[PDB]
Every structure is written in C-alpha cells, then in structure tokens.
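Letter by letter, the chains look like this.
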Amino acid sequence: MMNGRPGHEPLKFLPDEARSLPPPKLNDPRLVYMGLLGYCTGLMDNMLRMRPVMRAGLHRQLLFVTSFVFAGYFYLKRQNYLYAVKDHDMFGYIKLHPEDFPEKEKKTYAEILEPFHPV
Amino acid sequence: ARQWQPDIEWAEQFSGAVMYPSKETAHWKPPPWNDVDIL
Amino acid sequence: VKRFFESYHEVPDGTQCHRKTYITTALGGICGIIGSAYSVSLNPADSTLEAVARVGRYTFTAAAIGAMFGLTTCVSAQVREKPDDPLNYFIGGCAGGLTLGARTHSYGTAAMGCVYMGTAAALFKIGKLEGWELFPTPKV
Amino acid sequence: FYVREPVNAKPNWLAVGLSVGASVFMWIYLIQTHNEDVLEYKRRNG
Amino acid sequence: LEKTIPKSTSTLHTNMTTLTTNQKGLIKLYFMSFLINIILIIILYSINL
Amino acid sequence: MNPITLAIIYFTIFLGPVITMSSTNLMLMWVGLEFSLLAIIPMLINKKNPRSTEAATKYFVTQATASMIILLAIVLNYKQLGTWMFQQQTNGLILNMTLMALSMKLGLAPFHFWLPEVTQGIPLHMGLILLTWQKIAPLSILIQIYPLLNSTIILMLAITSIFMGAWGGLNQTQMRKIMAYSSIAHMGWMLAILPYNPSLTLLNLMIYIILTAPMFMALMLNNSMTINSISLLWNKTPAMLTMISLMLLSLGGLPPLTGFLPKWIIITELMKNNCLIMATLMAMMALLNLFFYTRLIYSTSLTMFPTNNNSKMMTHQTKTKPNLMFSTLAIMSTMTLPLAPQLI
Amino acid sequence: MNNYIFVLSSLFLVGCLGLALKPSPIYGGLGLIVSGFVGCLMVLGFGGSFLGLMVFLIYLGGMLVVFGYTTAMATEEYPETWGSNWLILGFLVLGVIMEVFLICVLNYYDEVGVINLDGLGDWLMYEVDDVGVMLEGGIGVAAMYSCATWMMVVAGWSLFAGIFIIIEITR
Amino acid sequence: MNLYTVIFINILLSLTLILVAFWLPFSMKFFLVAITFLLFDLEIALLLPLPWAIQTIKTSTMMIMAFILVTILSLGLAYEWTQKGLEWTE
Amino acid sequence: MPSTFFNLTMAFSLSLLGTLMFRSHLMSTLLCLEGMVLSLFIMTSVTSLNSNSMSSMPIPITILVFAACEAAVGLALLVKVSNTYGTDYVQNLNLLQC
Amino acid sequence: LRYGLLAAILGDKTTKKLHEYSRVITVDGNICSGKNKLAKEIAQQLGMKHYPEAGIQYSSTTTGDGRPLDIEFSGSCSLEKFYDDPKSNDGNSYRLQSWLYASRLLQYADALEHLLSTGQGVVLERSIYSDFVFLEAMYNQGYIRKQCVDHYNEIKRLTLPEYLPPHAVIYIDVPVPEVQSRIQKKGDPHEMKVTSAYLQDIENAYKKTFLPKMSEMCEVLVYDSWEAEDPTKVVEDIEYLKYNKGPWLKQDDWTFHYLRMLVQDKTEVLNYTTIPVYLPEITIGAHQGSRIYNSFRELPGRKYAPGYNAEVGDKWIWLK
Ligand SMILES: CCCCCCCCCCCCCCCCCC(=O)OC[C@H](COP(=O)(O)OCCN)OC(=O)CCCCCCCCCCCCCCCCC
Ligand SMILES: Nc1ncnc2c1ncn2[C@@H]1O[C@H](COP(=O)(O)OP(=O)(O)OP(=O)(O)O)[C@@H](O)[C@H]1O
C-alpha cells in the first residue's frame with residue numbers, strides 16, 4: 001500500500017526522516033516482554049535437551065535476552081516510523097481535500113428528538 | 001479406582017489408513033513404517 | 001445470456017411463477033451437471049451407461065430441488081400478499097429438502113436439508129433486500 | 001561415573017567467551033545508539 | 001437434543017469428509033478435474049464479463 | 001550425495017525464489033520457478049523407492065503444466081502490449097489463467113489433489129521446504145499484481161480450500177497429509193485477503209512458517225509419521241508436549257495465541273470491505289482444523305497410549321537433535337500476541 | 001502464396017492435434033518432428049533465419065532425438081494400440097472438419113476480427129527497413145554477450161546444474 | 001521457390017527409386033549419453049552467436065562471458081568424469 | 001499474423017488438453033508438453049520479428065534451454081518408473097492413496 | 001567436534017583406514033559350542049576386537065555408569081523363566097526375543113561405528129542375521145504365535161537392510177546329543193530343562209535358512225568341534241579368504257558417511273523396533289510405563305543428561 005509513495009527509499013530499515021521521532025526507552029514493556037521470551041527460550045532449550053532448567057547455560061540465556069532486546073529496539077523504532085508516516089500522509093490528504101472532510105453540524109440534545117422506548 | 005487410560009481397543013482406531021471408515025470402497029490398509037513398499 | 005437468471009429479480013415474488021420455476025430448475029440442472037462431472041471423473045463407474053445414469057440422477061434431482069423451491073416460494077407469496085418475507089424462502093428450502101429426502105430415501109437427509117436450505121434461502125433473500133454483496137470489489 | 005565419556009564432559013570456553021562478549025557488546029552498542037538517537041531528537045526539536 | 005444438534009453436525013461432516021477423501025491416486029482423474037475447473041472458470045469469466 | 005552436489009542443488013533451491021522476487025521480467029520469474037522445480041525433484045527422489053518416484057512424477061507433471069500456462073499468459077501479454085509486465089490493460093482471461101496456474105503451483109483447491117500424496121511419499125525435511133520455501137515465489141508473483149485480479153474466483157478458490165482442508169484433515173491419520181491440508185487452509189486464507197491487503201498475506205505466511213517448521217522438527221525428532229507413533233512421545237521425549245500442544249492450538253487459531261491474529265485481522269479487513277458472509281463461512285469452518293488438532297493434542301499430551309518395551313532402551317539412549325531454533329520459533333509462535341500492532 | 005503461412009499454421013494445428021490424440025510415443029515423435037519443421041518454416045516466413053535454423057539443429061537434432069531414444073530403450077509397443085490408432089485417426093479427421101466449421105463461423109462473426117480471410121496474404125509483414133543493414137536476428141541473440149548477460153548466466157547455470165541433477169536422479 | 005523445387009525433386013527421386021525396387025520383378029549408459037548430448041547441444045545454441053557478438057564494442061564483456069560458458073562446461077564435464085559417467089564398464 | 005496466432009493458440013490448447021487427458025502412457029504427455037513449448041517459442045519469435053524488437057530475441061533461447069532441462073528430468077523420472085514397474089503406465093502409480 | 005559432513009570434508013574419512021583385517025566376522029553355532037573361546041582366539045591372532053554375545057543387559061552395561069539395572073528397567077524378561085516355564089500366559093518368550101534382537105542390533109551398530117571410525121575389525125557372536133533361529137524353534141514348538149512371528153519379521157525388514165552384512169561367517173556345527181551332554185556337564189538347573197526338539201529346530205533353521213541365505217553375500221566357513229579347538233587352521237583359512245560377492249565393494253566414502261551417521265545416532269537404529277503394533281506380549285500399560293520411567297529418571301546419572309548430574313561428580317553445570 002504505502003510502498004509506492006514519493007521519497008521512498010528501497011530496502012532500508014531506518015531512513016533519516018525517522019531520526020526525528022522520540023526513541024523508545026529500554027524499560028518499554030514490549031522490550032521487557034521480548035526479554036522474558038528470550039529467557040523462556042533458554043529454559044525451553046534446556047528442558048528439551050534434558051538439562052537442569054535454570055541451572056545451566058547462563059551464557060546461552062544471557063545471549064538470548066540480549067539478542068531479543070537488540071532486535072526489539074530497532075524493530076520498534078521502525079514500526080513507530082511507519083505509524084508516524086501513516087498519520088502524516090493521512091492528515092496531508094485531509095488538508096489537501098477539504099471538500100470531502102467537512103465539519104459535522106453537531107446539534108444539541110435539546111433539539112434532536114430521539115424516540116423513547118419503555119421498559 | 002484410578003484414572004482410566006486408553007487401551008488397545010481405543011488406540012487401534014487411530015491405526016487405519018483413514019479414520020471414520022464408514023465407506024465400503026475403503027478397502028485400504030495402513031502404509032509401511034519406512035515408506036518402502038513390499039515386493 | 002445471463003439475463004435468464006436476472007429476469008427472476010425484476011418483479012416482486014408472486015408473479016411470473018412459470019419462468020421463475022424454469023430459472024430455478026436451470027440452476028439446479030447446472031449444479032447437478034457440475035456435481036456429476038466431478039463424481040464421474042473422480043470415483044468413476046464401470047459402464048458409460050451407469051455413468052450417464054449417475055449424471056441423469058443428479059441432474060434431475062437438482063432440477064426438482066430448484067423447481068419445487070421456486071414454485072413453493074411464489075405460491076406462498078401468492079396465497080399470502082407478502083413478497084418481502086423470507087419465510088416464503090424458508091418454506092421453499094424445506095420443500096427442496098423434502099424432495100431431496102424423497103429421492104435419496106432418508107428422513108435424516110430430508111430434515112437436515114429442510115433446515116439448512118431454509119436458512120440459506122431466507123438469508124439469500126435478506127441479503128437481496130438489505131443490500132448485502134457477495135464477491136464485492138475492494139474499497140478499504 | 002560414565003563409560004562413554006561424552007562431548008559435554010567439560011565446557012566449550014570458546015563458546016562461553018564469544019557469547020559473553022557478544023552480550024556485552026550488544027548492550028554497549030545499544031546504550032550508545034539510544035543516547036545518540038536521543039541527542040539527535042533533541043537537536044532537531046530544540 | 002442430541003440427535004438434532006451435535007449428532008447431526010458429526011454425521012454431516014463425517015459424510016462430507018468421506019466424500020472428499022475417497023480419492024485414489026489417479027493422475028488421470030485429478031487432471032480431468034483440473035480440466036473441469038478450467039472450463040468452469042473460463043465460463044464464469046466469458047459469461048459475467 | 002556429496003558436498004558439491006548438495007551445494008549446487010541447494011543454491012539453486014535458494015536462487016529460484018530470489019530471482020522471482022528480485023526480477024521485474026516475468027520471464028525471469030518463470031526462470032526462478034523452473035529452478036525451484038528442477039532442484040527440488042532430486043531431493044524428493046533421494047530415497048529411490050516407488051513412492052518417492054511416484055511423488056516426484058506427479059509434482060513434475062503438475063508444476064510443468066502450470067509453468068507452461070504461466071508462460072502462455074506472459075506471451076499473450078507480450079503480443080498485446082509489447083511489454084514484459086502485466087499492466088491495467090491485460091485481458092482478464094490472461095490473469096485468470098495465470099491465477100489458475102499459480103494456484104496449481106501452490107496447492108490450492110480444487111487444484112490440490114497432488115499435495116497430500118506427494119508430501120506423504122516424501123520425507124520430513126522435504127515436506128518442510130515444499131510447504132514453506134516453495135510458497136514464496138508464486139505468492140510474490142501474485143502480490144505484484146494484486147490490484148488487477150478477480151475477487152470472485154479468488155474467494156471461490158479460498159473458500160473451497162478452507163472447506164477441503166478441513167474435510168481432509170478430519171480423516172487423515174498421517175502427520176504429513178494433515179500438514180498438507182493445513183497448508184491448503186492457510187493458503188486459502190492468504191488468497192482470500194490478497195486483493196484487499198497483501199501485507200496480511202505475508203503476515204499469515206510468516207506465521208504459518210514459524211508454526212510449521214518447528215512442528216516438522218518435532219516430528220523428525222523421532223520420525224513419528226503417524227498418530228500412534230507420536231503418541232509414544234510421552235515416553236520417548238515428554239519435554240516436547242508443552243510446546244506441541246500450544247503450537248497446534250495456535251495453528252487452529254485459538255484467541256490467546258499468535259495463530260489467532262491472522263484470522264482476526266483478515267476478518268476485520270473483509271468486514272471493512274463487506275465480505276462478511278465469506279468471513280463467517282471461513283471462521284466457522286476453521287473449527288474443524290481446530291477439532292482434528294485437538295484430537296492430536298489428546299493422543300499426545302492429555303492421555304497416555306499403550307507404549308512398548310524397547311522404548312526402555314530408547315530411554316537408555318541419549319539425544320542431541322532439537323537445536324535452538326525449535327524453542328525460539330515455538331516461543332515466537334505461541335507467545336507473541338501482545339506485539340500484534342507491530343506485526344501488523 | 002497468400003495462403004502460405006495459413007497452410008503452415010494449419011499443418012501445425014493438425015500436428016498438435018495428432019499429439020493431443022495419443023497414438024503412441026513414436027508416431028507422436030513423428031508428429032512433433034513435422035510440427036517443428038513447419039514451425040521453422042513459418043519463422044523463416046516471418047524472417048527468423050537464425051531462430052528457425054536453431055530450432056532445426058537443436059529442437060529436432062537434439063531434443064526429439066533423445067525423446068525417440070529414451071522411447072525405444074524404455075518403452076514397449078503393445079498390440080492393442082493399432083485398432084485404437086485407426087480409431088483416433090478417424091477422430092483426427094472429425095476434428096479437422098470441426099475446426100474447418102469453427103473457422104467458417106468465426107469468419108462469419110468477425111470479418112476484420114479473428115481472421116481476415118480477405119486480407120490473408122496481407123498483415124504478414126508490417127514494416128521493414130529497406131535500406132538497412134544489421135537488422136537480422138543474430139544481432140539480437142548476440143546481445144546476450146554485451147547486454148542481457150543475465151540471461152546468459154541464467155541459462156549456463158541451468159545447464160551446469162542439470163548435470164548434477166541428472167546424475168543424482170539416475171543413480 | 002527454388003529450395004522447395006530442389007527438395008521436392010529429391011523426395012520424388014527417392015520415392016521413385018524405392019518404388020522401382022518393388023515394381024521391377026535396459027542400460028542407463030545410453031540415456032546418460034543422450035542427456036550429456038542435450039546439455040552440450042544447448043551450449044552450442046548459446047555459443048553460435050559469437051560471429052555476431054564479436055562485432056560489438058563490449059569486447060571485455062564478450063571475452064568474459066564466453067570464457068565463463070566454456071569453463072563451467074569443462075567443469076561439469078570433469079565432474080561427470082570423476083563420478084564415472086564415461087566408463088561403460090557395467 | 002492474427003490467423004497464425006489464433007492457430008498457434010488453438011494448438012497450445014490442444015496440447016494442454018492432451019496433457020490433462022491421459023491415455024495410459026507418459027511419453028504421450030511429455031510430448032504434448034514439448035508441443036506446448038514449441039508453440040510458445042514460435043509465438044514469441046513471431047511477435048519479436050513482427051515488432052522488430054531485437055532486444056527480446058534471447059527469450060526464445062532461454063525458454064528453449066529451460067524446456068530442454070525440464071524434458072530431461074521428466075525423461076529421467078520416466079526411466080525410473082519403467083526400471084521399477086516395467087511400463088510407462090499411469091495405473092501403476094496408484095500408491096500414496098493411503 | 002561431532003562427526004558429520006564437516007568432519008568428512010576435512011579428512012575424517014573411511015577408506016584411509018580399511019587395512020586388511022578391517023572386516024567383521026561372526027562365529028555362530030548352537031548354544032554350547034566353543035564360540036567365546038574361538039572368537040577371542042581369532043581376535044587375538046588377527047589383531048581385531050571382540051564383542052561378546054549380547055544379552056538382556058547389553059544396553060544397561062554400555063550406557064551410564066556401566067552397571068546393570070533391574071529387569072523392569074532392562075527387559076522385563078528372563079531366560080531362566082523361559083527355560084523353566086515356556087508357554088506361559090505372560091509373554092516372556094517373545095518379550096525376550098524382541099529385546100534380544102534389539103540388543104544385538106545395538107551391538108551391530110556399536111561395532112560398525114568402531115570399524116568405520118577405526119579400521120580395527122570386529123568379531124561378534126550370533127547377530128541379527130541369526131537371532132531368528134531361536135524364534136522359529138519356539139514357533140515350531142508352540143511357545144509363540146504367528147502374530148509375534150510376523151511382528152518380528154516386520155521389524156527385521158525395517159531394520160536389517162540398512163546395515164552391511166558380515167564378511168566371514170564361521171558356523172561351528174555340533175549335534176543335539178553332544179549339546180545336551182555339554183549342558184548337563186556345564187551345569188545349569190534351567191538350561192538342563194531344555195528339549196532336544198528345540199535344539200534340533202535351532203540346528204535345522206541354521207542349516208536350511210542361514211547358511212543358504214548368507215553364502216550368497218559372505219564367505220561361509222563350516223567347522224566341527226575338532227577342527228575347532230585347533231584354531232590356527234581357521235585363522236589361516238580366514239587370512240587366505242577371498243572377499244568378493246559382497247556389497248562392501250559397492251561402498252564409497254559417502255555411503256560410509258551416511259551409514260556412520262545412522263550407526264552413530266542410536267535412536268534412528270531403534271525407531272522401528274519401537275513401532276506401535278499392539279501385541280498383548282509387549283504392549284505395556286500407561287500406569288506401569290509411567291511408574292517405570294519416572295523411577296528410571298529418579299535413579300542417579302539418569303535424571304538429566306550425562307554431563308549434567310552433579311550427584312555423580314559433574315561440575316561446571318552452569319557453563320555447559
Ligand atoms: C497468564 C495468562 C494465561 C494465558 C493463557 C495460558 C494458556 C494455558 C497454559 C497452557 C500451558 C500448558 C499447556 C500444555 C500442557 C502440557 C501437558 C504436560 O506437559 O503434562 C504432561 C506431562 C506429564 O509427564 P508424565 O510422564 O505423566 O510424568 C511427569 C514427567 N514429566 O508433562 C511433562 O512431561 C512435561 C515435560 C517434563 C519436563 C520436566 C518438568 C519441567 C517443567 C515442564 C512443564 C512446564 C510447564 C509450564 C506451565 C506454565 C503454565 C502457565
Ligand atoms: N535369541 C535367543 N533366544 C533364546 N535363548 C538365547 C538366545 N540367544 C542366546 N540364548 C541363550 O544363551 C545361552 C548361551 O550360552 P553359551 O553356551 O553360548 O555360553 P557362551 O558364553 O557363549 O559359551 P560358548 O561360547 O562356549 O557357547 C544359551 O543357553 C541360549 O539358549
């Protein structure tokens with residue numbers, strides 16, 4: 001959908017138009033959840049290899065957590081950029097086409113007669 | 001008593017080529033365990 | 001040229017009973033032809049005579065389904081001035097299931113088809129009226 | 001005491017070292033990237 | 001209340017299951033079916049248009 | 001099979017779809033498809049048994065006919081417009097022939113009858129590829145032309161695929177045929193949502209791949225190609241049940257699991273487009289997939305079947321099969337609903 | 001000679017019809033050979049010297065040859081096929097006549113459309129440089145070596161890997 | 001018209017001679033050979049346009065591509081050789 | 001052009017019909033596939049020569065190469081089928097139905 | 001690093017080590033013939049290794065701390081009880097035949113991997129190619145059912161063909177009265193309850209199926225008791241032996257590699273012994289199975305994987 005738009009660089013993870021958005025914080029619940037998933041992957045690897053769960057492969061578990069958080073930070077930056085671009089284009093179109101986005105004539109409940117329905 | 005666990009009667013119904021053999025054209029027989037047919 | 005099947009919806013129900021029944025019968029016949037072609041190519045028979053007999057069985061069956069459905073619907077709309085009532089199509093679907101059960105000799109199939117086809121035809125009419133679209137085009 | 005002394009009888013110190021180094025470097029690069037992105041954001045927006 | 005709802009569902013779906021999975025590994029029949037499909041699609045297109 | 005042969009064949013298997021996706025010329029796309037076919041056949045036939053030979057023959061014939069039809073479509077477009085790319089002016093018959101061919105290449109109904117037979121005759125590591133990596137080029141060719149397709153035939157194909165996949169998996173007792181019919185169903189979902197939003201086709205593709213790879217790996221752990229063989233998993237390797245069950249429920253599409261999100265958001269888009277009747281039919285008929293996945297969850301994880309004796313020696317022996325990707329993909333596929341807004 | 005290319009295309013049609021009808025893997029080879037001969041002839045009619053002679057030297061001399069080779073060495077002719085051969089020859093006759101009636105109806109329904117029998121000898125060549133050199137087909141098939149090297153590497157790789165593929169299939 | 005005349009004449013002469021004649025009174029080796037011949041005949045097809053390619057300006061490119069073709073063909077030959085595909089000792 | 005293209009398309013359709021209708025052999029299907037290949041080759045070359053587009057002549061060459069490869073692997077599979085069963089028949093591939 | 005494609009590409013190949021005497025030999029015979037002695041002597045005089053006969057505890061001895069385990073953990077079968085009370089309604093007969101076939105197969109594999117990684121040939125006693133004689137005997141005597149026999153033959157079909165046969169098969173021939181005398185002399189209150197009918201069925205199975213079936217792909221050497229006990233004759237016959245007529249010449253580095261992978265993975269060896277054919281003689285119930293498995297994992301050195309049981313002296317469990 002949003003692929004063929006002006007100022008579209010091909011196969012780029014993060015352009016510089018995205019360096020103006022506020023970056024995510026490492027305490028973000030989604031990064032924390034990815035860390036949890038990393039830890040659970042380590043524990044499941046041990047549980048499947050018949051090793052002591054939570055008493056084996058500390059380097060492996062650390063690597064899992066680190067990799068998950070690492071991927072999450074960048075993927076999150078990218079998705080935030082995409083949503084920002086979506087809003088940008090939407091509002092630009094709304095402003096360039098005032099003839100299809102008119103302000104509603106909002107009345108007050110003292111005028112519009114709504115029907116009454118007993119019980 | 002104790003928990004009932006499947007028996008041969010209950011496990012051999014998952015052993016045919018196809019389940020629900022309400023057909024009469026299903027004369028088939030289970031395939032081999034190594035995919036090497038008999039000859 | 002595809003208007004054979006559009007002449008069905010140019011007049012309220014309760015009129016042109018004959019051609020409406022003809023249309024539903026043609027629909028049944030087509031559906032049966034396709035079903036029979038599939039069941040003859042897959043799961044074939046021994047003699048081409050038995051094959052064409054399968055074909056005739058399925059085709060005449062589906063044609064009867066459609067004919068009875070359309071006739072019962074338009075006759076209900078005649079006896080009762082309600083051209084915009086899905087109950088007529090429900091009754092027609094039950095009559096179609098009844099004919100299916102008469103053909104296949106199974107009260108099970110009879111009642112099952114009754115209920116199913118009744119709901120199906122009633123929902124078809126509800127869509128026709130409200131404005132439902134089947135196979136619509138993209139608008140997002 | 002086993003009779004088929006396995007591959008896992010002792011740790012792979014190469015794997016251990018590489019894993020720990022990769023983790024530490026991941027975290028260092030992540031902190032630096034985050035701080036640089038914050039600095040750029042605030043430079044651009046005031 | 002058993003014969004109607006659940007037993008009927010099971011019967012219907014088991015029967016349609018048997019129908020659709022009564023297949024024998026015959027390429028001739030599979031390809032005749034593919035040909036019926038091609039014909040039906042061509043006809044849909046040339047008719048509706 | 002020696003390293004040089006292995007490298008050449010697998011490099012071709014990898015290059016096919018890459019050319020298909022990186023080329024603008026339909027001729028080069030066709031080239032990629034031919035590469036895929038050529039390089040897949042030998043791996044299917046490696047064992048050199050009658051069943052594998054038959055599967056290879058069926059695959060070859062089907063895919064070759066499909067490729068020929070695609071090339072006819074390309075040639076017709078070329079005579080019509082002078083260009084080697086489909087535009088908004090090609091006779092819709094060309095595109096519908098192309099769609100039929102791509103559907104037979106994928107395994108959609110009613111062009112599906114070859115997929116279970118082939119997968120059965122084929123080993124596990126080959127079904128994995130055939131059902132994950134061999135769906136990416138024919139789907140890419142469609143993603144490139146989604147604005148100019150026929151929603152009617154697309155929806156008919158998708159719903160037929162859902163129905164036949166359900167009504168096959170209900171009966172099959174063999175892991176590989178079950179996987180085949182599940183593939184049919186999910187590809188039907190993809191096609192259904194395609195002409196409205198292809199990002200969701202790709203979403204469901206990646207979800208189905210993450211869900212299928214680890215399942216085939218689980219199976220390959222014991223080469224349990226049957227229900228009564230995978231039931232012994234409680235004595236052979238019971239540390240895999242907690243994950244087989246969850247991955248099967250996700251495949252089925254149960255709310256709290258990743259596998260749900262595809263169906264949910266696809267239904268959302270179809271509702272925005274007023275395809276509510278089709279969405280309803282599909283959502284009601286996916287419950288049969290869920291049914292014959294629950295029937296396996298039972299025989300695997302919620303009840304112990306009659307075991308065997310030599311399984312004792314199987315216990316005596318150790319094992320080092322299930323690499324880290326198993327756990328990684330299973331977790332990513334079972335516990336990633338809180339992140340749906342990002343995957344969208 | 002206005003009917004030349006039309007006759008050639010009709011012979012190609014009849015050959016592919018004798019393929020569709022399946023007499024045997026050897027008479028089918030003969031039909032393929034005839035159809036390919038005619039295809040080359042029509043390509044030359046349209047000016048494809050290199051293309052047609054390449055068809056000759058590769059499709060026939062290289063492909064149908066191994067087709068008949070593998071056929072003889074890995075196929076047996078069964079006696080039943082003769083009566084059915086005569087039957088499908090009659091089938092072929094009927095198909096020829098049906099195609100003639102088809103073409104008649106299509107001319108009646110679209111004069112300047114499907115086929116302009118009135119303009120048969122015409123609409124073969126649309127344009128040509130009269131004073132132009134360097135406009136044959138080799139000039140294009142040799143582009144591969146300067147522009148479109150991608151196609152050449154693709155084809156060379158297909159042929160390369162075919163060796164390994166066939167040795168692994170036959171083994 | 002002239003080619004047609006000549007070939008027609010030859011065919012007529014052959015049939016006339018053969019009429020007067022009457023009126024006066026499994027191993028995979030051969031398959032592998034055929035396949036190798038296919039894979040070399042297609043190379044001939046890719047190699048024949050050199051008399052037109054060597055008239056171009058991109059000589060540094062035609063040199064390259066022709067060398068690639070010949071080299072990888074020789075390598076495939078060498079592999080079919082090492083794997084005992086040119087032996088005939090059943 | 002119109003007439004010859006109509007006839008070429010009819011021929012392709014006939015060969016596809018032959019493929020989709022087996023007659024107890026497999027060579028008689030591979031030959032129909034090759035007839036399809038030939039028809040497409042001819043149509044492509046003819047369109048190239050009609051449009052005078054010398055930047056599209058490599059396309060017949062490529063498709064001929066790849067059709068040759070496909071035919072080679074198909075012939076190998078047929079050879080294996082014969083080596084095992086004794087005939088290039090299609091009722092013998094009745095396995096995988098279980 | 002483990003053996004695989006990478007090791008075989010780097011140089012851990014096979015044909016670089018197949019020196020003469022890189023063979024595999026069997027020393028079969030009837031029960032009380034001089035197999036152990038003759039095989040030890042052949043091993044010594046040829047430099048090769050000896051793999052004694054494999055019984056109910058072969059796996060218990062080859063895995064773990066090497067000590068045996070309760071019969072419920074290894075076999076749930078008893079040769080003593082087989083000799084005392086055959087025909088029992090329990091199933092000991094076939095439940096023993098199957099376990100012994102499985103152990104002989106594990107042994108054949110443990111020998112093949114040794115022979116392929118190291119050119120040191122191996123000498124075994126009765127193998128998977130002759131275990132079936134003790135089954136045909138029981139079937140012809142009435143201790144076993146045709147269903148058990150068919151199950152055995154099916155597992156044999158699934159397992160055996162994926163393995164290379166022996167080079168040399170030495171059959172020590174001895175008659176049933178001498179066998180009974182040797183039994184009485186050796187002394188065993190259970191073996192001394194066996195029947196000459198059973199022994200003769202064994203002998204007949206041997207001579208009528210094993211010898212013919214095996215003389216077509218491996219060199220046979222039939223000897224009696226007195227040619228035996230003078231082994232140097234046997235050893236020189238072997239040394240002179242010609243080694244044609246077998247598949248071992250159709251084998252290249254890569255077939256050896258794809259066979260070494262199988263032989264090294266001790267679970268793809270038994271996947272087919274572990275098929276779910278539901279015989280009342282081996283079909284163990286869920287409660288018994290669960291109890292036995294949880295107790296087996298309760299035992300020491302078996303709870304976790306080898307290098308992860310501290311109760312047996314394993315350290316660094318937090319970095320491996
Ligand atoms: C919070 C929001 C909620 C969102 C929705 C949540 C969805 C529901 C959560 C479902 C999670 C479990 C679903 C799958 C059930 C698995 C069944 C199972 O594993 O139990 C059967 C099996 C018993 O084995 P058995 O031979 O009888 O004896 C014990 C020897 N292990 O058990 C086993 O053998 C397991 C393998 C043994 C490995 C050693 C023991 C380590 C622990 C492994 C199990 C971990 C389970 C984690 C449970 C977390 C629940 C949230
Ligand atoms: N498959 C089987 N079924 C039943 N019994 C078996 C089987 N295999 C071995 N046995 C039993 O094992 C015993 C083997 O004793 P054996 O006389 O072979 O001792 P040994 O140590 O081999 O001495 P020697 O080598 O001199 O014979 C026999 O009594 C035989 O009945």
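- As summarised from the PDB record, the model derives from cryo-EM at a stated resolution of 3.17 Å.

- For chain H, the name recorded in the PDB entry is NADH-ubiquinone oxidoreductase chain 3, with Mus musculus as its organism.
- Its PDB title, taken directly from the record, is "Cryo-EM structure of respiratory complex I in the deactive state from Mus musculus at 3.2 A".

- Chain C has the name MCG5603 in the PDB entry, where Mus musculus is given as its organism.
- The Subunit (unreviewed entry) field of the UniProt record for chain C holds the comment "Complex I is composed of 45 different subunits."
- Here is the UniProt Sequence similarities (unreviewed entry) comment for chain C, exactly as written: "Belongs to the complex I NDUFA11 subunit family."

## What about the site of ligand 1?
Here is step 1: As a structural note, the neighbourhood of ligand 1 is formed by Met47(A), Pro238(F), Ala239(F), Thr242(F), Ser301(F), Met304(F) and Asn294(J).
Here is step 2: Among the chains of the assembly, those with residues near ligand 1 are chains A, F and J.
Here is step 3: Between ligand 1 and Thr242(F) there is a distance of 3.1 Å, counted from an oxygen atom to a side-chain nitrogen or oxygen.
Here is step 4: For ligand 1, the protein covers 36% of the area, taking 1100 Å² as the surface of the free molecule.
Here is step 5: Residues belonging to the shell around ligand 1 are distributed by class as follows: 4 nonpolar, 3 polar and no charged.

## A few points about the nonpolar core
Here is step 1: Grouped together as the largest cluster of nonpolar side chains are 271 residues, with contacts concentrated most on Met27(F), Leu142(F), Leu191(F), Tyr59(G), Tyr145(G), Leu46(H) and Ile42(I).
Here is step 2: It is helix α3 (residues 58-85) of chain I that provides the largest number of residues to this core, a total of 18 residues.
Here is step 3: Once residues lying within four places of it in the same chain are set aside, the contact partners of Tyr59(G) are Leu32(G), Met54(G), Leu64(G), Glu34(I), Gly35(I), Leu38(I) and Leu64(I).
Here is step 4: Formed by 88 residues, the second largest nonpolar core is a distinct cluster that contains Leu46(J), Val133(J), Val149(J) and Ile183(J).

## Observations concerning the site of ligand 2
All names here are of chain J.
Here is step 1: Close to ligand 2 lie 18 residues, the nearest being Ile31, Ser33, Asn36, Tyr83 and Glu191.
Here is step 2: For ligand 2, whose accessible area on its own is 640 Å², the fraction buried by protein is 81%.
Here is step 3: For the shell around ligand 2, the secondary-structure elements that each account for two or more residues are α2 (35-46), α4 (79-84) and α5 (92-117).
Here is step 4: In terms of residue count, α5 provides more of the shell around ligand 2 than any other element does, 3 residues in total.
Here is step 5: Broken down by class, the residue content of the shell around ligand 2 amounts to 7 nonpolar, 4 polar and 7 charged.

## Looking at the interface of chain G and chain I
Here is step 1: Every contact between the two is made by 68 residues of chain G and, on the other side, 57 residues of chain I.
Here is step 2: With both chains or domains summed, chain G and chain I bury close to 5300 Å², and 77% of this area falls on carbon and sulfur atoms.
Here is step 3: For the pair chain G and chain I, the interface holds 0 salt bridges.
Here is step 4: One can count 7 residue pairs in polar contact joining chain G with chain I.
Here is step 5: The residue makeup of the side of chain G that touches chain I, split by class, is 45 nonpolar, 18 polar and 5 charged.

About the criteria used
- Residues numbered from 1 in each chain as written, not as in the entry; some residues may be left out.
- Chains lettered and ligands numbered in written order.
- Part of a larger assembly, values for the part shown.
- Heavy atoms only, no water.
- Residues with missing side-chain atoms left out of burial classes, pairs and counts.
- UniProt positions renumbered as here; feature names shortened; annotations may be inferred.
- Near = heavy atom within 4 Å.
- Polar contact = N/O pair within 3.5 Å; in protein donor to acceptor, adjacent residues only side chain to side chain.
- Areas by Shrake-Rupley, 256 points an atom, 1.4 Å probe, with all protein chains shown as cover.
- Nonpolar A, V, L, I, M, F, W, Y, C, P; charged D, E, K, R; others polar.
- Core = buried A, V, L, I, M, F, W, Y, C linked by side-chain atoms within 4.5 Å.
- Buried < 20%, exposed > 50% of the residue type's maximum accessible area, 1.4 Å probe, protein only.
- Helix = DSSP H or I, 4+ residues; strand = E, 2+ residues; numbered from the N terminus.
- Contact = heavy atoms within 4.5 Å.
- Buried area = accessible area lost by both parts, 1.4 Å probe.
- Salt bridge = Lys/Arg side-chain N within 4 Å of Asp/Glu carboxyl O.

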